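The chain below stands alone, shown as structure tokens; this is the form deposited in one PDB entry.
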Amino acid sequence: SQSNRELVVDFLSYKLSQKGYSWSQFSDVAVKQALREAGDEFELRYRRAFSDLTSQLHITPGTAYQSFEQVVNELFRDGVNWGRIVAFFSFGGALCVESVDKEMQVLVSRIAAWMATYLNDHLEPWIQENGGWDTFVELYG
């Protein structure tokens, strides 16, 4: 079943392309489609209510990791659901594109790894208990 690393790279590659960037510039590294589409819908819902994530973030190379973990820990503090996992991908995507915009491209491959490891260590058990990524595809369509 699904390599989380692969998922992260696919999602981030997509979100970077939406900002005119190529994944290969910064990195030498049905589920994928559902996640891309869900990310687009999530971001539409987000900007209907709030400001684009890329506008809200305050990034520095020295605090990027700490910033990433604080956001993700609060996002999942009182539980996990598929919508929050989509939020997690969208946040990582926003963090990457903003990193590039702010001339901190070094962070792109790091953020992808932070995401992959958080998925593998902290979200994967829940994903398994909820039927795997196939469940997400069937729910989203």
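Don't overthink the numbering: it's just position in the shown sequence, from 1. C-alpha atoms forming the largest set that superposes within 1.5 Å between two forms make up the rigid core.
Trainee: How many missing residues of the deposited sequence lie between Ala94 and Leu95 in the entry, grouped as none, 1 to 3, 4 to 9, or 10 or more?
Mentor: The entry leaves nothing out here.
Trainee: Which has the higher mean CA temperature factor in the PDB entry, 132-140 or 3-11?
Mentor: Higher mean C-alpha B-factor: 132-140.
Trainee: Using only the Cα atoms and their B-factors as the entry lists them, report which of 41-49 and 96-104 averages higher.
Mentor: Per the PDB record, 96-104.
Trainee: I'd like to know which of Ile111, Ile59, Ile85, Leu35 has the highest C-alpha temperature factor in the PDB entry.
Mentor: Comparing C-alpha B-factors across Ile111, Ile59, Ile85, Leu35, the maximum falls on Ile59.
Trainee: From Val72, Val80, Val31, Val29, can you pick the one with the highest C-alpha B factor in the entry?
Mentor: If I rank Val72, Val80, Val31, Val29 by C-alpha B-factor, first place goes to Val29.
Trainee: Splitting the chain's C-alpha B-factors into thirds, which one does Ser17 fall into?
Mentor: Bottom third by C-alpha B-factor.
Trainee: Taking only the Cα B-factors deposited for this chain, tell me whether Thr117 sits in the lowest, middle or highest third.
Mentor: As the PDB entry reports it, the C-alpha B-factor of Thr117 lands in the lowest third of its chain.
Separately, the form deposited in another entry exists; it is not shown, and the next lines address it.
Trainee: Report the residue, chosen from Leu107, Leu35, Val97, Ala87, for which the CA moves 2 Å or more between this form and the one not shown after the rigid core is overlaid.
Mentor: The displaced C-alpha is that of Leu107.
Trainee: Once you overlay the rigid core, does the Cα of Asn73 travel 2 Å or further between this form and the one not shown?
Mentor: Result for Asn73: no, shift under 2 Å.
Trainee: Quick one: once the rigid core is lined up, does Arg47 have its C-alpha move by 2 Å or more between this form and the one not shown?
Mentor: Yes; that C-alpha moves by at least 2 Å between this form and the one not shown.
Trainee: Pin down for me whether the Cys96-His58 Cα distance shrinks or grows in the other entry relative to this form (closer or farther, change of 3 Å or more).
Mentor: Closer, not farther.
Trainee: Your call: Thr117 and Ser90 CA atoms, closer or farther in the other entry versus the shown structure, by 3 Å or more?
Mentor: Note: Cα gap between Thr117 and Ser90 widens in the other entry.
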